[PDB]
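Presented below, as structure tokens, is a lone chain in the form deposited in one PDB entry.
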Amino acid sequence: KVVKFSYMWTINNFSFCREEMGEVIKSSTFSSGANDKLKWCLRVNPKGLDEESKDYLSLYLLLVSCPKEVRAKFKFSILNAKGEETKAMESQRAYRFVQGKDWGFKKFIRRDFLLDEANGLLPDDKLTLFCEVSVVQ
């Protein structure tokens, strides 16, 4: 049966400079509970890692631990300055995860949408991402 859980990731000192931020950044690990040993993390490319996504921030869900079979649906959103879910993007189906496999969206959010202060998505250079994971595995 599906087990649904979530993780809120606050990235501090956010910068679009690859030489300061890194090409890839990763969150701490999370799971559905203290008893759940399957560990996940989020991975962000502050600038998309291919030509197609270069004007985007790319966001992925990564299975970190070695599962004892695993499939999961996922939904990513950005939390605004008021704390609300904005710019949600979700998988249409569950995908197969093995240790080290990621799934996500290379064009999750346009960089210039984040740099537009009216949207309130980078207050104090903190980017707050929220992931909801549905593991049917």
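Just count from 1 along the sequence shown to find any residue number. We call the rigid core the largest set of C-alpha positions that still match within 1.5 Å between the two forms.
A second form of this protein, the form deposited in another entry, is not displayed here; the remarks below concern that form.
When the two forms are overlaid on the rigid core, CA displacement between this form and the one not shown of 2 Å or more is confined, within 91, 53, 99, 32, to 32.
Look at residue 110 and residue 16: in the other entry their Cα atoms move 3 Å or more farther apart than in this form. The gap between the Cα atoms of residue 80 and residue 19 is smaller in the other entry, by no less than 3 Å, than in this form.
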